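Labels A, B, C, D, E and F are assigned to the chains in the order they are written; within every chain, residues are numbered from 1.
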Amino acid sequence: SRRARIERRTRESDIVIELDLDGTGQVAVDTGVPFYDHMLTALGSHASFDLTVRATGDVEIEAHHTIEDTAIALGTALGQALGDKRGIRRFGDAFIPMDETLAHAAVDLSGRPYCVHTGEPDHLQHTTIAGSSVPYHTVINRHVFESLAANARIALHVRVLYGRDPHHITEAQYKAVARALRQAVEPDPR
Amino acid sequence: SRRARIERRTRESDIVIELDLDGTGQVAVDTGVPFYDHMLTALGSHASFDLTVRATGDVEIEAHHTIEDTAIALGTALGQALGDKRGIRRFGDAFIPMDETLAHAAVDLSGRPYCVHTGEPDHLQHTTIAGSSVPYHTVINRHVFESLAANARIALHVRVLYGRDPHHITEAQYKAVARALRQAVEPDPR
Amino acid sequence: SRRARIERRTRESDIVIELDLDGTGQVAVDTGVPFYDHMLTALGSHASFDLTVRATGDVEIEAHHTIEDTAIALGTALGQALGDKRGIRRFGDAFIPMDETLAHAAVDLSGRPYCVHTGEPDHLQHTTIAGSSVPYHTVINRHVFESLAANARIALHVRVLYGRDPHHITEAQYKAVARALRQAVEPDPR
Amino acid sequence: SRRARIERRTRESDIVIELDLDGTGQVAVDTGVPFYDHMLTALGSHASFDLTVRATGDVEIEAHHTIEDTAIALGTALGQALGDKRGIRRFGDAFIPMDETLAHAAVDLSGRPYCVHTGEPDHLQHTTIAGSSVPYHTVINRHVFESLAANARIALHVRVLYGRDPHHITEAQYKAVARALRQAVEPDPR
Amino acid sequence: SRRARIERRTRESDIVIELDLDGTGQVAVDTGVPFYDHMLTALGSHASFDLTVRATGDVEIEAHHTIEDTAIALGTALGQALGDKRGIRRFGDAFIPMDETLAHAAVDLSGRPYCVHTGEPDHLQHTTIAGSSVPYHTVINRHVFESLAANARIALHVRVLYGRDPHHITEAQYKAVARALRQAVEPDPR
Amino acid sequence: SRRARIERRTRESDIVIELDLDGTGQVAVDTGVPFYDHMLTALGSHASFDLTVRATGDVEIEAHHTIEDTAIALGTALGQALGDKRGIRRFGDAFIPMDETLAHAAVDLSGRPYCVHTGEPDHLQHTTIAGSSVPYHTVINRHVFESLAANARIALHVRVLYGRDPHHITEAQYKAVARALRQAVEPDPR
């Protein structure tokens, strides 16, 4: 009913997305960027989407092309699956407490791309989240939200009210976007 | 069930309001102030009210007396139609993204008039929205929210978190108020 | 189903709490601190809890030990009654207008204690609310929210956006927490 | 070869665009907003496009819906007519002196919507250009550039280095965008 | 006609460059520093050079010696291939929009080495671009432009007007230099 | 075709100008002010004009009357030789790197005299360039650009982005103006 399959093959990367808006949080994400997988898994889950994301890309350069291409493909999928947008809440918002962090997100499935990203502390624009694999530069948080909004053709406002930990700040943001989308895509009983 | 018809005849103007709180967004507004009609139409619509507004007034002087008298009559109608306020959510709030603008509104159908209007950029206190008809001075936004709160006997808090375009800032505010009212007037299942 | 009875006997005080999360606002509070009773009654009521609170303590010293011990016992009760936390909204938030005051609260029933208390004007850290009985020092607002979060094992973020009256600022906060809890403990249909 | 016809009918307005990128400046614009017609005529002309723009809309409210809808339809047309974007310069830029004003524009026909609008003096965010017809609020300059970039799927950077007259500042900007587009859409001999 | 082959063997590294100024963007770069390869590939491509770069070096220490030695060898090649500099445009410049970033570059193939690097945000002087291989410290951007200018014996001015993402800021700069070189090396018809 | 001969005899000086816009840089300048000759030679050359300038004047007072009268006569010549201005690019601009200096110039052969001169460091308004002959006060740079624009009836914007050496700052400016004129006077193929 509200499903979309997107394939996006560039010189930089290969993306397959399968998205059902009316899911139960059945989510599997594999981008080669494990922190990004964790964020996109928290997004799909907290949005009660069924989401499959399979991505390979030029992670020898860094995560950027794969992160952006995935966010672009995911946006296209959200847009396609929404279709005519008949009888939906359309507007949604969500606060996400995560220990010391508070994030907020607000959406208008308007058909008019716009992203406003505010309140993220300045140290996130050169912070790295690094494990045993390909690292995640938090400077990309904004890039992900803008790419998502641009390609889904929605108004997305993402706010950090406050926070310290870059992992908490990033996850709370992805989760805020997720629960804001969840409210907005729900059928409107009126 | 939750309907009210208000007639308000002053030396300055003539207002007829018909309001059903349990509507499907069937809205018709004619004040002689076309931007005001657009705002009151977005309010009635986004609140899922059925709303009729018919107003004539001294627009040769300017929109002010007609805008205020309409907002006063509309408040009286909201108050009357709410009646005893038994079993309603009572509290409501809504974020409205509109491109670069973010507006918020929060209501307590408390029975105690109060309006707090914050965050509206200072250029709105001398900005004009002008077409081929009677213009709308955005300095009146506040006046409209105060008149509404005063005559509905509710607590209304309207916030501009940020924004640039005076049309976006004004509409987002009217829409925020609308969706906050919509949540608050809904039957409370508990 | 989601009920808990907590008894907490210290050298300082004696607390009995009976809490049903799936209540209809049937609330009775008696701490010997009448303003505190009013706040805990507004919390239980606005959360649609059924809540009984019976507390006696060393109010000859002042309200502090009784207020804290009650908040601790209440948290333990909220935590116990929540149990496994299966199928709940988990996240909740609420704006509370109260005349000139606007308060906000956001919860994650995460299982990870955290409290962030922001925006409360500085005069509240030495303000007294005094009647014909034991007075309430508003400096304790924070202490109550921290004790609640610590013992329920939840993330609680409480914000005063603005306000002047210490009674309005305090009640709006307790009410915000209540409606945020109410949303978060509701069954999640997905 | 590089032509597109766009029809955009909303509740607010009706737009017909016919655009040839390989034109000789044969341009006719009729929006009901005469200053906007002058700007879109200078854009089509200075870009050496052949451009027809026919628009009717709710100018009784003000120019905004008609201006935005036209800019949206024009962007869609630019995007469609560009097609595969094979063998074009792709990047373009232009300085426009206009008496005391200096404007600049830079484009990447990247396929990735982005607009950056900088240097416009603050008085333009509440300035009106008014004649015998429907007026033009210069606050809309930005809205036009963003809508254009969003719907053509291009990177558009528009800069006011300096200027005083709102007519000079606005026209120089439209002309800068035009000559930047003209360079970028030219066949690349390599 | 305008070709050069440079071999540069130091204790630190081994470089082979083959450069044709009159190319069609046939570019292959392998330095062991994959982000650097991406930047030098965007430079060769956007300059319509045919460029081969093969480099091995002490990347166990870090990318610096290999990045610098390559930039030095590339400069020597640009200088040699330019020869007498008869009948060329000599001056070139280019703006590069890249999402939020705007970069500019201006060249005088003067025969007089000079580099001015301005506007790069301060976080780039300790930012890392890290993938699955050898990382790239953006502090080296300047070093690359200076080495290039020093060894090609040209005036190179590289400017960041604004930008946030370190990947966008760096690539836009390399691309600006490329398109500025492309204009300047073109035959001058006069 | 695009040639002009101007004679200007005042009490202060005698000027003969012969100007061909479609030249090959065949330039001869003799004003009695050798630095001025060098600047006007770089202007004629870099503009691909054929230019003859012969001037005698009251250099016992200082260079000013001769410099201004020459700039006036040169402007008259540029204006006359341009004639109807049919089928020309009309707009032109050029960046000039000169070691540490960056200058820019932008022209609109609009028929409407205007000069904006910005960014020149303050020490140039009392700096002297002195050899074995009549010296050149750099305070006259502005006077030359204004006289040129006034008498050619063009919009001339001259900018120093930065620089230190007064010889580099002055020459880069004259060269910027020259290459901006060269682009603008070229036949427009469309």
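Quick note on the criterion: a residue touches a chain if its C-beta (ideal position, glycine included) is under 8 Å from a C-beta of that chain, and two chains touch if they have at least 3 such contacts.
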Equivalent of A-E within the choices A-C, E-F or B-D, defined by over half of its residue contact pairs recurring: B-D
Rigid-body rotation angle, chain C and chain A, from Cα fit (steps of 5°): 120
Pair of chains joined by more contacts [C-beta pairs], D-F or A-D: D-F
Between chain D and chain B, distance of the C-alpha-averaged centres to the nearest whole Å: 35
Between chain F and chain A, distance of the C-alpha-averaged centres to the nearest whole Å: 56
Distance between chain centroids, defined by C-alpha means - chain B, chain F (Å): 62
Centre-to-centre distance between chain E and chain B (centres being mean Cα positions), rounded to whole Å: 59
Chain E: positions in contact with at least two other chains: 99
Chain-to-chain touches, reported pairwise for every pair that qualifies: A-B, A-C, A-D, A-E, B-C, B-D, D-E, D-F, E-F
Interfacial residue positions of chain F with respect to chain D in the complex: 91, 93, 106-108, 110, 112, 114, 116, 118, 155-157, 159, 190
Residue numbers on chain E that touch chain A, as the complex places them: 34-35, 37-38, 99, 123, 126-133, 164-167
Partner chain E, residues of chain A touching it in the complex: 58-64, 125-126, 128, 130, 133-135, 137, 139-140, 142-143, 146
Residues on chain A engaged by chain C in the complex (per definition of touch): 24-25, 48, 94-100, 102, 161-162, 179
Chain D residues touching chain A - in the complex, by the definition given at the top: 112-113, 150
